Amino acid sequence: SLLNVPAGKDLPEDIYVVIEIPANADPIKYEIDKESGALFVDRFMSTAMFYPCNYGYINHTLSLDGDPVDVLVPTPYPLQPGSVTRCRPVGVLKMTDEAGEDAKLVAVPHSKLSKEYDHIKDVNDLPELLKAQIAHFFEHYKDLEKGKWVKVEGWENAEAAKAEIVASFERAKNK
């Protein structure tokens, strides 16, 4: 099942991302259930917003919000919920929400899957519009959900993203 997918072939540079929400999809917030490995509806989002990239997590990790670390994966075409993509981290949006510190990694499809994103080496190679759109999404998508909120801290580089991946892998290993 999806429960058994590795964190990656060679963390933190070579990871697998389990996709929960496709890019430019309807505002249904799916989450994989850790007991069954099935995709559950967590929420029907209240704002008229969509995830700007495919969205999911790295298996066998844990953020301080109590769930595996979150990842945004840009692709040329939207991915299937429940599918897995091999990726390379390139940056991170540091942020906190009501459940705890809750960074959003950005990881691009691995070179073996496409050459498309090879030119994206670090956070400044991501389009500025995309980074602005991602930060705006996380700042506002909970605006009509009472008691849910976000504080965006800022964009950091690939090295910061890789440190976040290591920390989150250790957290899962360790409790």
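From 1 onward, residues are counted along the sequence shown. Here the rigid core means the biggest group of C-alpha atoms that line up within 1.5 Å when the two forms are laid on top of each other.
When the other structures are laid on the shown form by the core, the C-alphas of 48-56 and 63-71 differ in how far they drift in 4 other deposited structures of this protein; the larger average drift belongs to 63-71. After a core fit, the C-alpha atoms in 4 other deposited structures of this protein lie farther on average from the shown form in one of 4-12 and 166-174, namely 166-174. In this entry, the higher average B-factor at the C-alpha atoms falls on 40-48, of the pair 40-48 and 54-62. Comparing 118-126 with 103-111, the stretch with the higher mean C-alpha B-factor in the PDB entry is 118-126. Residue-level inspection of the entry shows that, of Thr85, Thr96, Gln80, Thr75, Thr96 has the top Cα B-factor.
The deposited CA B-factor of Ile21 belongs to the lowest third of values across its chain. In this PDB entry, the Cα temperature factor of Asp70 sits in the bottom third of its chain's modelled residues, the lowest group. Ranked against the other modelled residues of its chain, the C-alpha B-factor of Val166 as given in the entry falls in the middle third. Remark: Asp143 belongs to the middle third of its chain, ranked by C-alpha B-factor as recorded.
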